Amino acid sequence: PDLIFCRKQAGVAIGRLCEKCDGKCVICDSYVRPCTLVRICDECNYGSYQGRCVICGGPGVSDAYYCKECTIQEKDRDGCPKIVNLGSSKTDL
C-alpha cells in the first residue's frame, strides 16, 4: 500500500532489470512470455537512476519486458511502470 506505479508518460528510456528480477514482468510479476519492451519516463531514468532496476531498484543487467498477457490487454500502454515508495525520500537507501 506504500508502493505505486509512476504512471507518467513514458519516453525513449528503455526499462532495465537486475539479476534478481531478470525474467519478471513489471506489472504482474510473471515469467511466462516476455513480449514488448518496457519504456519509462525521463524522470525515472535520471542521475543515479540510470540503468536501475524497475521493480526493486538494483544494478540492472538486462532490459525489462512486459509479458504477453499484459501486451494482449494493452497494459504496456499505461504509464511509466517504475515502482516508487511513498514512505521514503530520494536519499534514503
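Each residue number is its position in the shown sequence, starting from 1.
Trainee: For the C-alpha atoms alone, is the average B factor greater in 64-72 or in 48-56, going by the entry?
Mentor: According to the entry, 48-56 carries the higher average C-alpha B-factor.
Trainee: Compare the C-alpha B factor of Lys20 with those of the other modelled residues in its chain, then answer lowest, middle or highest third.
Mentor: Answer is highest: the recorded C-alpha B-factor places it there.
Trainee: State the tercile, meaning the lowest, middle or highest third, of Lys90 with respect to the CA B-factors recorded for its chain.
Mentor: CA B-factor rank for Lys90: highest third.
Trainee: Check where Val12 lands among this chain's C-alpha B-factors and tell me if it's the lowest, middle or highest third.
Mentor: For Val12, the deposited C-alpha B-factor lands in the middle third.
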